[PDB]
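Participant: Okay, handing you the structure first.
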Amino acid sequence: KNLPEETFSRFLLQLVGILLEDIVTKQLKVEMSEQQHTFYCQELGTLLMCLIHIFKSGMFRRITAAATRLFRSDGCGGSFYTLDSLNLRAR
């Protein structure tokens, strides 16, 4: 028995995990071009803007209450991008 809010928040956060683990460790020439890297940055920008509008506009309350309980808890046995891995990628 899984909640819909859990599925939405896990999907968005694993997508940020994908984008971050791509943007950090992938070389600027031998894999992607310059326009591809700028589009990576633009995609992650509009994704975090959609996440901010979800976390701020107040029409989405259950999604925030879902995110508060899974940001804080650990990854399920390493089967998820846990939060401090995203902090390593951000730092």
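Chain labels follow the order of the structure tokens: the first chain is A, the next B, and so on; residue numbering restarts at 1 in every chain, and ligands are counted from 1 in their shown order.
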Near residue 71 in chain A, within 12 Å and counting only C-alpha atoms, which residues show up once chain neighbours fewer than 5 positions away are dropped, as a ChimeraX atom specification?
Facilitator: /A:6,9-10,12-14,63-66,76,80-87
Participant: Write down as a count of residues only the residues belonging to range 6-76 of chain A that are assigned helix (DSSP H, G or I) by DSSP computed on the backbone.
Facilitator: 53
